[PDB]
$ cat input13.txt   # compact mmCIF, C-alpha atoms and all ligand atoms
# COMPACT_ATOMS: atom_id res chain seq x y z
CA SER Y 7 118.95 99.94 18.14
CA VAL Y 8 121.02 101.79 20.74
CA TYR Y 9 119.83 100.05 23.90
CA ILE Y 10 120.66 96.90 21.95
CA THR Y 11 124.13 98.19 21.09
CA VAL Y 12 124.91 99.30 24.65
CA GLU Y 13 123.56 96.08 26.16
CA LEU Y 14 125.79 94.11 23.79
CA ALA Y 15 128.83 96.23 24.65
CA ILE Y 16 128.19 95.37 28.31
CA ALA Y 17 127.78 91.66 27.56
CA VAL Y 18 131.26 91.49 26.00
CA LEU Y 19 132.91 93.17 28.99
CA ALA Y 20 131.05 91.08 31.57
CA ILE Y 21 132.24 87.93 29.80
CA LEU Y 22 135.82 89.08 29.19
CA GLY Y 23 136.25 90.59 32.65
CA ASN Y 24 135.04 87.80 34.93
CA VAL Y 25 136.38 85.09 32.61
CA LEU Y 26 139.75 86.81 32.95
CA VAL Y 27 139.27 86.88 36.73
CA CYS Y 28 138.54 83.15 36.69
CA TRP Y 29 141.56 82.45 34.50
CA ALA Y 30 143.88 84.55 36.67
CA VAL Y 31 142.77 82.52 39.69
CA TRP Y 32 143.35 79.25 37.84
CA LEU Y 33 146.88 80.27 36.85
CA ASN Y 34 148.07 82.15 39.93
CA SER Y 35 148.04 79.82 42.93
CA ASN Y 36 148.61 82.84 45.16
CA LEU Y 37 144.99 83.78 44.46
CA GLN Y 38 143.63 80.28 45.06
CA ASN Y 39 142.62 81.07 48.64
CA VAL Y 40 139.40 79.93 50.33
CA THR Y 41 138.23 83.55 50.17
CA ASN Y 42 138.31 83.76 46.37
CA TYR Y 43 136.28 80.57 46.01
CA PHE Y 44 133.26 82.82 46.47
CA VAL Y 45 134.76 85.41 44.11
CA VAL Y 46 134.61 82.79 41.37
CA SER Y 47 130.95 82.19 42.24
CA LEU Y 48 130.56 85.93 41.65
CA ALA Y 49 132.45 85.57 38.38
CA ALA Y 50 130.42 82.66 37.01
CA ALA Y 51 127.22 84.30 38.27
CA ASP Y 52 128.06 87.64 36.66
CA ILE Y 53 129.51 86.09 33.50
CA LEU Y 54 126.17 84.41 32.80
CA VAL Y 55 124.66 87.89 32.86
CA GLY Y 56 126.32 88.76 29.56
CA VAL Y 57 125.87 85.13 28.57
CA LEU Y 58 122.14 84.77 29.20
CA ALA Y 59 120.57 87.45 31.42
CA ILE Y 60 121.47 90.27 29.02
CA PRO Y 61 120.44 88.27 25.93
CA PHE Y 62 117.13 87.46 27.67
CA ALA Y 63 116.67 91.01 28.98
CA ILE Y 64 117.12 92.41 25.47
CA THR Y 65 114.68 89.82 24.13
CA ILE Y 66 111.98 90.29 26.77
CA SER Y 67 112.22 94.06 26.28
CA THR Y 68 110.30 93.75 23.01
CA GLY Y 69 108.29 90.82 24.35
CA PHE Y 70 107.52 87.48 22.72
CA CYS Y 71 105.17 84.49 22.79
CA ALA Y 72 105.89 81.31 24.74
CA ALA Y 73 104.59 78.94 27.42
CA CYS Y 74 104.48 80.04 31.06
CA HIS Y 75 107.46 77.88 32.03
CA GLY Y 76 109.62 79.04 29.13
CA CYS Y 77 108.49 82.63 29.65
CA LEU Y 78 109.05 82.66 33.42
CA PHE Y 79 112.53 81.15 33.20
CA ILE Y 80 113.61 83.84 30.74
CA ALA Y 81 112.10 86.54 32.97
CA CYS Y 82 113.23 85.23 36.36
CA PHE Y 83 116.65 83.91 35.31
CA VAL Y 84 118.18 87.29 36.14
CA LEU Y 85 116.85 86.93 39.68
CA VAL Y 86 118.95 83.78 40.13
CA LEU Y 87 122.21 85.46 39.13
CA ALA Y 88 121.35 88.51 41.24
CA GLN Y 89 120.42 86.33 44.21
CA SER Y 90 123.53 84.17 43.90
CA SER Y 91 125.64 87.32 44.02
CA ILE Y 92 123.93 88.20 47.31
CA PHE Y 93 125.13 85.01 49.01
CA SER Y 94 128.62 85.40 47.52
CA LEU Y 95 128.86 89.03 48.66
CA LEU Y 96 127.53 88.10 52.11
CA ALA Y 97 129.87 85.12 52.48
CA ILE Y 98 132.85 87.31 51.58
CA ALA Y 99 131.77 89.83 54.21
CA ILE Y 100 131.50 87.05 56.79
CA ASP Y 101 134.87 85.67 55.69
CA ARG Y 102 136.67 89.01 55.90
CA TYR Y 103 135.13 89.50 59.34
CA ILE Y 104 136.04 86.03 60.62
CA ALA Y 105 139.74 86.56 59.85
CA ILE Y 106 139.91 89.91 61.65
CA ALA Y 107 137.75 88.81 64.59
CA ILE Y 108 139.21 85.32 64.93
CA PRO Y 109 142.44 84.85 62.90
CA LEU Y 110 143.35 81.64 64.74
CA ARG Y 111 140.04 79.84 64.16
CA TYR Y 112 139.91 81.34 60.67
CA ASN Y 113 141.92 78.48 59.19
CA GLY Y 114 140.04 75.99 61.36
CA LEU Y 115 136.60 77.14 60.25
CA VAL Y 116 137.20 78.74 56.85
CA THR Y 117 138.03 75.55 54.95
CA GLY Y 118 138.42 75.26 51.18
CA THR Y 119 135.90 72.43 51.42
CA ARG Y 120 133.19 74.33 53.30
CA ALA Y 121 133.63 77.11 50.75
CA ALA Y 122 132.66 74.83 47.87
CA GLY Y 123 129.84 73.39 49.98
CA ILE Y 124 128.36 76.77 50.87
CA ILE Y 125 128.63 78.02 47.28
CA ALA Y 126 126.66 75.02 46.04
CA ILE Y 127 123.94 75.59 48.64
CA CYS Y 128 123.77 79.29 47.78
CA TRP Y 129 123.10 78.43 44.14
CA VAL Y 130 120.43 75.87 45.04
CA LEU Y 131 118.75 78.49 47.23
CA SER Y 132 119.26 81.10 44.51
CA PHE Y 133 117.28 79.02 42.02
CA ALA Y 134 114.48 78.24 44.47
CA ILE Y 135 114.10 81.91 45.35
CA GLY Y 136 114.94 83.42 41.96
CA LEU Y 137 112.45 81.07 40.31
CA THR Y 138 109.73 81.13 42.98
CA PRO Y 139 107.31 82.78 40.52
CA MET Y 140 107.66 79.52 38.57
CA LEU Y 141 106.45 77.62 41.64
CA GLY Y 142 103.03 79.07 40.87
CA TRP Y 143 103.36 82.65 42.09
CA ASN Y 144 102.85 84.29 38.69
CA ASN Y 145 100.48 86.35 36.54
CA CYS Y 146 100.28 84.08 33.49
CA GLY Y 147 97.02 85.08 31.83
CA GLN Y 148 95.72 87.51 34.45
CA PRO Y 149 92.99 89.84 33.07
CA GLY Y 158 97.68 87.78 20.10
CA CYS Y 159 99.88 84.74 20.68
CA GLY Y 160 97.13 82.12 20.64
CA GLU Y 161 96.15 79.53 23.23
CA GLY Y 162 99.05 77.92 25.07
CA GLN Y 163 101.46 80.77 24.41
CA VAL Y 164 101.37 83.90 26.57
CA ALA Y 165 102.62 87.41 25.86
CA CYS Y 166 105.94 87.26 27.71
CA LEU Y 167 106.08 90.71 29.30
CA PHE Y 168 107.99 90.93 32.58
CA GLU Y 169 105.53 93.26 34.32
CA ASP Y 170 102.53 91.28 33.08
CA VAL Y 171 103.88 87.79 33.80
CA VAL Y 172 105.73 88.49 37.05
CA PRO Y 173 103.84 89.42 40.26
CA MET Y 174 104.75 92.74 41.88
CA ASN Y 175 104.03 91.51 45.42
CA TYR Y 176 106.83 89.01 44.87
CA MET Y 177 109.28 91.54 43.43
CA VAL Y 178 108.69 93.88 46.38
CA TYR Y 179 108.10 91.92 49.59
CA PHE Y 180 109.69 88.51 49.02
CA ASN Y 181 112.35 89.52 46.49
CA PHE Y 182 113.49 93.02 47.49
CA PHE Y 183 112.67 93.67 51.14
CA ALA Y 184 113.59 90.15 52.26
CA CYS Y 185 116.02 88.62 49.74
CA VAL Y 186 117.88 91.86 49.01
CA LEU Y 187 117.26 94.61 51.58
CA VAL Y 188 117.68 92.30 54.58
CA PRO Y 189 120.98 90.80 53.36
CA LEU Y 190 122.33 94.26 52.51
CA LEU Y 191 121.39 95.27 56.05
CA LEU Y 192 123.18 92.21 57.40
CA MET Y 193 126.22 92.75 55.18
CA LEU Y 194 126.43 96.43 56.09
CA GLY Y 195 126.03 95.33 59.71
CA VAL Y 196 128.93 92.92 59.35
CA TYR Y 197 131.31 95.57 58.01
CA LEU Y 198 130.28 97.71 60.98
CA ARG Y 199 131.79 95.19 63.40
CA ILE Y 200 134.71 94.48 61.05
CA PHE Y 201 136.21 97.98 61.00
CA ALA Y 202 135.17 98.93 64.54
CA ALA Y 203 137.05 95.94 65.95
CA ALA Y 204 139.85 96.24 63.39
CA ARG Y 205 140.72 99.71 64.69
CA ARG Y 206 140.50 98.30 68.22
CA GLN Y 207 143.19 95.79 67.25
CA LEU Y 208 145.43 98.64 66.12
CA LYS Y 209 144.81 100.42 69.43
CA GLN Y 210 145.77 97.35 71.45
CA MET Y 211 148.85 97.01 69.26
CA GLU Y 212 149.25 100.75 69.82
CA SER Y 213 149.82 100.06 73.52
CA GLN Y 214 152.17 97.12 73.01
CA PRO Y 215 155.69 97.05 74.55
CA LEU Y 216 157.01 95.75 71.21
CA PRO Y 217 157.17 96.71 67.50
CA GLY Y 218 155.65 93.58 65.95
CA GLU Y 219 155.12 95.13 62.53
CA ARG Y 220 154.32 91.64 61.27
CA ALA Y 221 150.97 91.79 63.06
CA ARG Y 222 150.24 95.36 61.95
CA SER Y 223 151.23 94.79 58.32
CA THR Y 224 149.11 91.63 58.19
CA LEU Y 225 146.19 93.32 59.95
CA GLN Y 226 146.33 96.31 57.60
CA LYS Y 227 146.35 93.97 54.59
CA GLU Y 228 143.43 91.98 55.99
CA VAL Y 229 141.61 95.28 56.42
CA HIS Y 230 142.60 96.30 52.89
CA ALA Y 231 140.90 93.14 51.63
CA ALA Y 232 137.84 93.70 53.82
CA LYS Y 233 137.64 97.29 52.55
CA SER Y 234 137.86 96.17 48.93
CA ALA Y 235 135.13 93.63 49.69
CA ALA Y 236 133.01 96.45 51.09
CA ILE Y 237 133.48 98.43 47.88
CA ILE Y 238 132.35 95.37 45.92
CA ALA Y 239 129.09 94.97 47.85
CA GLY Y 240 128.62 98.73 47.99
CA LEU Y 241 128.51 98.91 44.20
CA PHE Y 242 125.90 96.14 44.27
CA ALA Y 243 123.23 97.97 46.27
CA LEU Y 244 124.22 101.13 44.40
CA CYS Y 245 123.41 99.45 41.08
CA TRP Y 246 120.26 97.61 42.17
CA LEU Y 247 118.53 99.93 44.65
CA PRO Y 248 117.43 102.40 41.95
CA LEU Y 249 115.66 99.54 40.17
CA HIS Y 250 113.89 98.35 43.31
CA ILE Y 251 113.37 101.97 44.35
CA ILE Y 252 111.49 102.49 41.10
CA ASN Y 253 109.33 99.41 41.70
CA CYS Y 254 108.72 100.41 45.33
CA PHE Y 255 107.15 103.57 43.89
CA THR Y 256 105.05 101.75 41.30
CA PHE Y 257 103.74 99.19 43.80
CA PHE Y 258 103.24 101.08 47.07
CA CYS Y 259 102.09 104.09 45.06
CA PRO Y 260 99.76 103.04 42.21
CA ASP Y 261 99.05 106.75 41.94
CA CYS Y 262 102.74 107.67 41.68
CA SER Y 263 103.61 108.20 38.01
CA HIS Y 264 104.57 104.75 36.73
CA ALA Y 265 108.25 104.91 35.81
CA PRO Y 266 108.70 105.87 32.13
CA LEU Y 267 110.12 103.24 29.78
CA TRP Y 268 113.25 105.26 29.02
CA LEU Y 269 114.01 105.76 32.71
CA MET Y 270 113.16 102.12 33.39
CA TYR Y 271 115.74 101.16 30.76
CA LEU Y 272 118.49 103.14 32.47
CA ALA Y 273 117.69 101.56 35.84
CA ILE Y 274 117.52 98.14 34.20
CA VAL Y 275 120.82 98.75 32.39
CA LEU Y 276 122.57 99.91 35.57
CA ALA Y 277 121.91 96.49 37.11
CA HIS Y 278 123.60 94.74 34.18
CA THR Y 279 126.56 97.09 34.65
CA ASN Y 280 127.43 95.76 38.11
CA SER Y 281 128.72 92.49 36.65
CA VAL Y 282 131.46 94.49 34.92
CA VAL Y 283 132.78 96.73 37.72
CA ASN Y 284 134.26 93.75 39.55
CA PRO Y 285 137.07 92.73 37.17
CA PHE Y 286 138.25 96.35 37.15
CA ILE Y 287 137.93 96.76 40.92
CA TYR Y 288 140.23 93.76 41.38
CA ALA Y 289 142.87 95.10 38.99
CA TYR Y 290 142.72 98.45 40.79
CA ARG Y 291 142.26 97.45 44.44
CA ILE Y 292 144.43 94.32 44.46
CA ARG Y 293 148.04 94.85 43.37
CA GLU Y 294 148.32 91.06 43.21
CA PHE Y 295 145.43 90.85 40.74
CA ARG Y 296 146.56 93.57 38.32
CA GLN Y 297 150.00 92.00 37.92
CA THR Y 298 148.35 88.66 37.16
CA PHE Y 299 146.11 90.03 34.40
CA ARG Y 300 149.03 91.99 32.96
CA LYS Y 301 150.83 88.67 32.50
CA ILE Y 302 147.89 86.98 30.78
CA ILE Y 303 147.25 89.77 28.26
CA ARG Y 304 150.91 90.17 27.27
CA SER Y 305 151.51 86.43 27.02
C1 LIG C 1 114.65 92.04 32.41
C2 LIG C 1 114.80 92.98 33.58
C3 LIG C 1 113.66 93.48 34.23
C4 LIG C 1 113.82 94.37 35.31
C5 LIG C 1 112.62 94.88 35.99
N1 LIG C 1 111.61 95.37 35.14
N2 LIG C 1 110.41 95.87 35.56
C6 LIG C 1 110.21 95.87 36.92
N3 LIG C 1 109.05 96.34 37.39
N4 LIG C 1 111.16 95.40 37.81
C7 LIG C 1 112.40 94.88 37.41
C8 LIG C 1 113.36 94.40 38.45
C9 LIG C 1 113.62 95.22 39.58
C10 LIG C 1 114.52 94.82 40.59
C11 LIG C 1 115.17 93.58 40.49
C12 LIG C 1 114.93 92.76 39.37
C13 LIG C 1 114.03 93.16 38.37
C14 LIG C 1 115.13 94.70 35.71
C15 LIG C 1 116.21 94.15 35.00
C16 LIG C 1 117.64 94.48 35.38
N5 LIG C 1 116.06 93.31 33.95

$ encode --input "input13.txt" --output "structure tokens" --more "lines below"
Ligand SMILES: Cc1cc(-c2nnc(N)nc2-c2ccccc2)cc(C)n1
Amino acid sequence: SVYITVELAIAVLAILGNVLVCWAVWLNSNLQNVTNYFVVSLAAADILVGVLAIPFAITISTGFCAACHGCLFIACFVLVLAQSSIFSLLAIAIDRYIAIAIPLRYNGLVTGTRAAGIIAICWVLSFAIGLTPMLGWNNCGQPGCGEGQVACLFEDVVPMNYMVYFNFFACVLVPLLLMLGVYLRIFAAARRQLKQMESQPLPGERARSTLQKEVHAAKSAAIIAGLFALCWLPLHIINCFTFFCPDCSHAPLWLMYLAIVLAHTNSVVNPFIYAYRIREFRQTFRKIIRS
């Protein structure tokens, strides 16, 4: 009853943290920028982890008996939240890049309306992908609970070929390679800006200060996505071993737990990274708690 205790502890924080982040945004209009529209998507997405994903994860750990639909949803629901975060993280990276690369067209292209539109699409795509095993790509009854109901065990009811090729390599690895690629251009060009402003016949500390702050946001964004791959790779890394190497010692249950748990942890690091990285955020939360 320790994995249960720890998982619960996480659930509370995930809820409190991101809910706080959502509230802070709702109160402080200085945080209601087009950029943070995606941050809320991250909040809602990661809140539901402690809300549902964690509850389900803890449940499916022991396994139960239910129909294929009901069993798949519970097993693949986590994929939706994890996939939605991908789009959010990617969008943010794009956003932070757009501003630095094209500050003038930033306001013309980055619209508070398009933000809401993209977010919606990301979620729709997240469900399609995250719940693709429900489209038929599953192992429900592949060579107890009785007819109709199936032993709901993640590894037994969810195809590995999907979790490796379609899910990881494509829906996770590729984006992370795109995101990382984006930040590459972000900082490379950002420092170029400073060099051009380094050879300017005028002070113009307004441009520098702004640029540095834009970079500070882009850097924070990088740290947010960085912690994502860092908390999910081990899990996929484990599965990559199990699949590509049937011979390779199948990951122990205890080690699998840790890797599984680490993924749930990511939802929590955000609220604290905002309070730490963003001086505007910390002061907002400080207000809420006190009052
Ligand atoms: C309930 C649950 C199950 C698993 C999980 N379990 N077994 C295998 N073989 N793969 C994954 C897995 C790996 C990468 C991405 C998503 C799931 C992970 C988490 C965090 N929660």

$ atom_distance --input "input13.txt" --atom1 "CA of residue 230 in chain Y" --atom2 "CA of residue 102 in chain Y"
9.9 Å

$ closest_atom_pairs --input "input13.txt" --of "chain Y" --to "ligand LIG 1 (chain C)" --cutoff "6 Å" --atoms "all atoms listed in the file" --output "CSV"
residue,atom,partner,partner_atom,distance
Y:63,CA,C:LIG1,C1,4.1
Y:169,CA,C:LIG1,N3,5.6
Y:249,CA,C:LIG1,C9,4.8
Y:250,CA,C:LIG1,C10,4.5
Y:253,CA,C:LIG1,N3,5.3
Y:274,CA,C:LIG1,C16,3.8
Y:277,CA,C:LIG1,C16,5.0

$ atom_distance --input "input13.txt" --atom1 "CA of residue 255 in chain Y" --atom2 "CA of residue 176 in chain Y"
14.6 Å

$ atom_distance --input "input13.txt" --atom1 "CA of residue 191 in chain Y" --atom2 "CA of residue 94 in chain Y"
14.9 Å

$ closest_residue --input "input13.txt" --among "Y:179, Y:290, Y:44, Y:93" --to "residue 132 in chain Y" --atoms "all atoms listed in the file"
Y:93

$ closest_residue --input "input13.txt" --among "Y:14, Y:20, Y:270, Y:125" --to "residue 46 in chain Y" --atoms "only C-alpha atoms"
Y:125

$ residues_around --input "input13.txt" --residues "range 108-112 of chain Y" --least-positions-apart "5" --cutoff "10 Å" --atoms "only C-alpha atoms" --output "number ranges by chain"
Y: 101-103, 117, 225, 228

$ residues_near_point --input "input13.txt" --point "(109.2, 83.4, 25.3)" --cutoff "10 Å" --atoms "only C-alpha atoms" --output "ChimeraX atom specification"
/Y:62,65-66,69-81,163-167

$ residues_around --input "input13.txt" --residues "range 207-211 of chain Y" --least-positions-apart "6" --cutoff "12 Å" --atoms "only C-alpha atoms" --output "number ranges by chain"
Y: 106-109, 200-201, 217-226, 228-229

$ write_last_selection --input "input13.txt" --atoms "C-alpha atoms" --output "PDB file, keeping the file's coordinate frame"
ATOM      1  CA  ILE Y 106     139.910  89.910  61.650  1.00  0.00           C
ATOM      2  CA  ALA Y 107     137.750  88.810  64.590  1.00  0.00           C
ATOM      3  CA  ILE Y 108     139.210  85.320  64.930  1.00  0.00           C
ATOM      4  CA  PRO Y 109     142.440  84.850  62.900  1.00  0.00           C
ATOM      5  CA  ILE Y 200     134.710  94.480  61.050  1.00  0.00           C
ATOM      6  CA  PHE Y 201     136.210  97.980  61.000  1.00  0.00           C
ATOM      7  CA  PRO Y 217     157.170  96.710  67.500  1.00  0.00           C
ATOM      8  CA  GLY Y 218     155.650  93.580  65.950  1.00  0.00           C
ATOM      9  CA  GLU Y 219     155.120  95.130  62.530  1.00  0.00           C
ATOM     10  CA  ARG Y 220     154.320  91.640  61.270  1.00  0.00           C
ATOM     11  CA  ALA Y 221     150.970  91.790  63.060  1.00  0.00           C
ATOM     12  CA  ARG Y 222     150.240  95.360  61.950  1.00  0.00           C
ATOM     13  CA  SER Y 223     151.230  94.790  58.320  1.00  0.00           C
ATOM     14  CA  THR Y 224     149.110  91.630  58.190  1.00  0.00           C
ATOM     15  CA  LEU Y 225     146.190  93.320  59.950  1.00  0.00           C
ATOM     16  CA  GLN Y 226     146.330  96.310  57.600  1.00  0.00           C
ATOM     17  CA  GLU Y 228     143.430  91.980  55.990  1.00  0.00           C
ATOM     18  CA  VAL Y 229     141.610  95.280  56.420  1.00  0.00           C
TER      19      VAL Y 229
END

$ closest_residue --input "input13.txt" --among "Y:252, Y:10, Y:172, Y:86" --to "residue 267 in chain Y" --atoms "all atoms listed in the file"
Y:252

$ axis_aligned_box --input "input13.txt" --around "range 127-144 of chain Y" --padding-each-side "3 Å" --output "JSON"
{"center_x": 113.4, "center_y": 79.9, "center_z": 43.6, "size_x": 27.1, "size_y": 14.7, "size_z": 16.1}

$ residues_near_point --input "input13.txt" --point "(132.2, 101.7, 44.8)" --cutoff "12 Å" --atoms "only C-alpha atoms" --output "ChimeraX atom specification"
/Y:233-245,280,283-284,286-288,290-291

$ residues_around --input "input13.txt" --residues "residue 40 in chain Y" --least-positions-apart "2" --cutoff "8 Å" --atoms "all atoms listed in the file" --output "PyMOL selection string"
chain Y and resi 38+42-44+116-118+121

$ closest_residue --input "input13.txt" --among "Y:135, Y:303, Y:30, Y:104" --to "residue 92 in chain Y" --atoms "only C-alpha atoms"
Y:135

$ closest_residue --input "input13.txt" --among "Y:58, Y:8, Y:159, Y:293" --to "residue 84 in chain Y" --atoms "all atoms listed in the file"
Y:58

$ closest_residue --input "input13.txt" --among "Y:251, Y:27, Y:22, Y:262" --to "residue 289 in chain Y" --atoms "all atoms listed in the file"
Y:27
